[PDB]
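Note that these values count all heavy atoms, side chains included, but never hydrogens, waters or copies made by symmetry. Chain identifiers are assigned alphabetically (A, B, ...) following the order of the sequence lines, protein sequences preceding nucleic acid strands; residue numbering begins at 1 within each chain.
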There are 2 protein chains.
Amino acid sequence: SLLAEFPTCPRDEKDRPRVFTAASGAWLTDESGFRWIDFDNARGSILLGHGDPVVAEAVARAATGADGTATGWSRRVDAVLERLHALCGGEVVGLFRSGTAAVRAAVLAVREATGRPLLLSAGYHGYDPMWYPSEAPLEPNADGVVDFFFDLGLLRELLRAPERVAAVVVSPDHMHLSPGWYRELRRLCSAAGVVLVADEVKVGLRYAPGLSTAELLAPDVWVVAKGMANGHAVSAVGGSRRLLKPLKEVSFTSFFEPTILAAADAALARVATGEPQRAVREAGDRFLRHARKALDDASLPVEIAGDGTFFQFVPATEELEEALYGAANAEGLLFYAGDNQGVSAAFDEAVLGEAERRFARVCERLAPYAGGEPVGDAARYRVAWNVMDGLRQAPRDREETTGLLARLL
Amino acid sequence: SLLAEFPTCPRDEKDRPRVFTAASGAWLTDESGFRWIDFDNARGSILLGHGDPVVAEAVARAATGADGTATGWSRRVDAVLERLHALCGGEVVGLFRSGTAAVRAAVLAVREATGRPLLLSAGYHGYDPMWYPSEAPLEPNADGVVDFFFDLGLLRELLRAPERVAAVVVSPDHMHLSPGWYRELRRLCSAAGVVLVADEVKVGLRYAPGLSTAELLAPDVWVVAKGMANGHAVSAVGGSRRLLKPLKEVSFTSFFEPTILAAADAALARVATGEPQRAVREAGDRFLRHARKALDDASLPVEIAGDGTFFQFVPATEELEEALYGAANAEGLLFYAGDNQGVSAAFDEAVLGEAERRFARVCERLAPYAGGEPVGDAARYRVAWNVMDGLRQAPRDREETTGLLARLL
Ligand SMILES: Cc1ncc(COP(=O)(O)O)c(CNC[C@H]2O[C@H](O[C@H]3[C@@H](O)[C@H](O[C@@H]4[C@@H](O)[C@H](N)C[C@H](N)[C@H]4O[C@H]4O[C@H](CN)[C@@H](O)[C@H](O)[C@H]4N)O[C@@H]3CO)[C@H](N)[C@@H](O)[C@@H]2O)c1O
Ligand SMILES: Cc1ncc(COP(=O)(O)O)c(CNC[C@H]2O[C@H](O[C@H]3[C@@H](O)[C@H](O[C@@H]4[C@@H](O)[C@H](N)C[C@H](N)[C@H]4O[C@H]4O[C@H](CN)[C@@H](O)[C@H](O)[C@H]4N)O[C@@H]3CO)[C@H](N)[C@@H](O)[C@@H]2O)c1O
Ligand SMILES: [Cl-]
Ligand SMILES: [Cl-]
């Protein structure tokens with residue numbers, strides 16, 4: 001309890017952080033010697049696998065000073081910038097030290113460039129107080145942000161006075177929003193004359209070499225991070241020269257640190273091939289097939305949203321959800337509790353076989369829950385809110401919307 | 001110009017970033033093969049030396065998976081937190097990904113905890129737009145910050161309604177402010193009952209194992225960064241549980257990235273001994289003794305402020321300033337232009353001997369400037385503003401103070 005922060009991490013039944021000593025590909029070792037298969041993967045930022053040898057080699061060599069210095073420019077700066085520009089498009093690119101920092105800088109730049117005060121937001125954008133909730137729904141917070149919770153009806157309401165709106169800023173979820181949802185969001189923004197920022201810190205580079213919403217949203221400004229460096233401390237923003245001109249004022253001391261550049265250059269090279277993304281989808285799909293069959297065979301009322309790139313357990317009750325993760329912990333399957341599971345490209349045959357076996361045992365442990373009432377919508381909404389910080393897409397009217405917000409805020 | 005940002009770095013006569021392809025110790029190699037002795041050292045964040053072997057081996061181990069995982073807690077988290085707490089004091093500690101992020105989080109936490117609106121600031125606190133200049137000098141900016149430019153007369157007036165003030169936040173400079181100045185700041189903050197935040201991102205851990213202002217200011221909250229990881233992308237905040245309770249809300253995806261943790265634990269272990277800070281002070285003092293003697297023997301009107309830990313050339317004219325850095329550049333002495341020079345612990349007997357030879361040659365190249373009018377106060381004020389973003393300490397009244405603000409802002 002020296003730590004002033006509350007980091008999101010794997011925690012035990014007493015809410016104490018699990019202490020991990022080492023990791024390799026899909027596997028972790030804890031301080032008790034217990035061995036785990038990782039579906040958390042630093043919240044999906046470990047796309048390639050823990051201790052990736054090719055990234056590791058690049059990082060080790062950069063640490064010796066052999067690839068340039070934190071004092072100033074190296075050609076790896078140009079490499080990283082060019083790689084991102086090719087994958088994501090736009091006219092310019094900037095680099096940052098976290099997803100939180102990049103999305104804040106992006107949106108403040110757009111607010112400066114447009115001269116308009118309000119940001120309309122769906123999803124999570126990082127830890128900064130600028131994103132804290134307002135006094136009431138549909139009211140701006142103290143930093144001019146209004147949350148629309150992915151409800152396009154609420155967005156239309158807010159877009160009635162678009163002259164106030166610097167940008168719509170959206171964190172995609174491809175488990176809970178359809179392609180059609182995105183095209184409608186795009187349409188609404190375009191017709192309102194408002195800038196669209198795609199916060200792809202989580203989903204960027206993971207579904208494909210580039211932005212997951214490149215065509216669906218064709219955002220004016222993008223942000224990525226988790227996909228770009230196999231976990232290392234870098235994020236990126238890009239888009240029009242005009243909207244991002246205010247980023248000229250960004251400078252920070254560690255900008256040229258060569259280990260982070262080494263990791264991003266290495267990881268981005270593999271990302272560009274599309275191979276790790278395919279591997280993840282395929283491995284995760286294989287795991288899902290099996291897990292869905294095990295749950296059904298055991299009469300357990302747990303749906304799975306999403307797909308192999310990112311999936312989420314949707315249990316019929318809170319009690320079962322807790323039991324599910326307790327059983328998974330007991331069997332050494334480390335899931336990101338309540339949230340999305342994101343396998344890495346290190347999920348090979350060997351790993352998948354073991355994970356399949358362990359999950360069968362998870363389902364045995366849950367035998368007491370067999371035959372429970374099937375999953376209903378309240379559960380779907382609750383569980384989706386945990387991953388997206390807003391409302392999954394499904395038919396509603398305004399009164400149902402209000403009630404869901406009143407419940408879930 | 002893919003890059004949307006304008007990073008601070010060594011730049012050539014066309015303002016293009018210098019490309020450095022390698023580094024070891026005190027030495028850089030540029031793209032053309034030229035070897036430079038580095039006094040910039042990533043703005044003083046390279047306290048140990050480029051490619052420090054022990055840091056680099058630690059980073060190499062951590063890159064392989066064998067020393068923690070990005071998915072969660074590791075023993076290095078504890079080690080880093082404990083070491084910071086021992087060196088800097090306070091009740092709790094938080095980690096962040098840049099000095100910019102750390103200072104913003106710290107001052108926002110105090111504002112939240114105190115419930116008071118205004119932050120009274122002196123010095124640079126990073127790139128975030130919360131520190132942008134107010135439209136009217138000495139009035140609050142859009143984020144509630146009033147810059148007082150290190151003038152304690154102005155601070156007195158701003159403290160006349162202390163109930164409005166969340167914190168005074170100050171970036172120390174030990175070249176341009178005396179101990180007595182710090183003691184007066186502490187006395188003023190204490191009499192107003194206001195919280196004092198020491199932004200030691202640059203100076204922390206570099207003058208001593210701990211805070212440069214530990215006794216002088218006895219700050220309620222501290223921030224450090226440049227001293228803690230030999231360049232790697234981490235910073236820290238610490239202070240009272242109360243004031244920093246709002247940091248519970250901080251979480252970021254790369255928190256457990258093992259290479260940065262291993263670098264911090266290694267660098268901090270060295271810092272705790274006091275040895276690198278002593279080496280730096282002694283090596284720098286030896287270089288200054290020599291440079292001062294060379295400038296004087298050449299009748300060049302250049303003073304040097306500061307000491308071995310951080311020093312700054314103060315030329316009599318802007319023309320001579322530009323010539324001085326042109327000359328240094330030609331001799332492969334890489335100074336942080338206009339700002340403070342911070343040698344590293346890798347400045348050994350051989351480096352120093354070669355630096356002295358090169359600097360003597362610099363003075364030879366500046367021969368046309370011999371006999372020039374000696375440095376005056378307008379030059380001292382202009383040059384100090386470049387390094388501290390406010391006013392060097394000297395006797396003034398309010399006429400002279402406001403005159404200087406109008407000139408230098
Ligand atoms: C699109 C996007 N944009 C920007 C960023 C920021 O990038 P970064 O700075 O590099 O981390 C991210 C970073 N992503 C990390 C995670 O962000 C969310 O997770 C958030 C949030 O959803 C989740 O919120 C929790 C909520 O799900 C639970 N129902 C209730 C819990 N109290 C609450 O916890 C969080 O909010 C509390 C507010 N009081 C706070 O006290 C908690 O400590 C805080 N963790 O906590 C996470 C932050 O730590 C996503 N669910 C996840 O898929 C994702 O992996 C991102 O996904
Ligand atoms: C106490 C403290 N607190 C927090 C931080 C932030 O930590 P970080 O996020 O890890 O970098 C730092 C980081 N420190 C970096 C530097 O901060 C200052 O440097 C600033 C500022 O003084 C300096 O300002 C320049 C000024 O000295 C020149 N006379 C004029 C020039 N236009 C101006 O340029 C900079 O600020 C402009 C202000 N709008 C901006 O437009 C320019 O693009 C920017 N380069 O630019 C630097 C930004 O990188 C100090 N002089 C230096 O000793 C120090 O190394 C810190 O020292
Ligand atoms: Cl003063
Ligand atoms: Cl001058």
Q: Go through the steps for A/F96 and A/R104 under the test side-chain contact (heavy atoms from CB on, under 4.5 Å), then give the verdict.
A: CA-CA 10 Å; A/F96 300 82; A/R104 172 165 170 81; over 6 Å; no

Q) Checking B/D220 side chain against B/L196 main chain: does a donor-acceptor pair fall under 3.5 Å? A) yes

Q. Do the two ring centres, one from A/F256 and one from B/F20, sit under 6.0 Å apart?
A. no

(Q) Please find the pair of heavy atoms, one from A/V80 and one from A/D265, that lie closest to each other, and give the distance. (A) CG2-N, 3.9 Å

Q | Ion pair A/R61/A/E57, N-O distance below 4.0 Å | A | no

Q. Just by distance, do the side chain of A/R97 and the backbone of A/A233 share a donor-acceptor pair under 3.5 Å?
A. yes

(Q) Apply side-chain hydrogen bond (donor to acceptor under 3.5 Å, both in side chains) to residues A/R18 and A/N329 and explain how you reach the verdict. (A) CA-CA 11 Å; A/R18 292 186 192 285; A/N329 291 156; 3.2 Å; yes

**Q.** Other residues, nucleotides, ligands: >12 heavy atoms within 6.0 Å of B/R241 CZ
**A.** yes

Q) Under the side-chain hydrogen bond (donor to acceptor under 3.5 Å, both in side chains) criterion, do B/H50 and B/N41 qualify, and how do the steps go? A) CA-CA 8 Å; B/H50 303 283; B/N41 284 317; 3.1 Å; yes

Q: Mind running side-chain hydrogen bond (donor to acceptor under 3.5 Å, both in side chains) on B/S212 and B/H174 for me, showing each step along the way?
A: CA-CA 9 Å; B/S212 74; B/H174 294 298; 2.8 Å; yes

Q.
Here's a test for you: under ring pair (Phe, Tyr, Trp, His ring centres under 6.0 Å), which of A/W27, A/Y336, A/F287 qualifies with A/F39?
A. A/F287

Q.
For B/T71 versus A/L28, what's the shortest heavy-atom pair and its separation?
A. CG2-CD1, 4.4 Å

Q: State, to 0.1 Å, how close B/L48 and B/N230 come at their nearest heavy-atom pair, and which atoms those are.
A: N-OD1, 2.9 Å

Q. Is the shortest side-chain N to carboxylate O distance from A/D339 to A/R43 below 4.0 Å?
A. no

**Q.** Residues, nucleotides or ligands: over 12 heavy atoms within 6.0 Å of B/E91 CD
**A.** yes

Q: Answer yes or no for B/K202 and B/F310: cation-pi contact, defined as NZ/CZ to six-membered ring centre under 6.0 Å and angle to ring axis within 45°.
A: yes

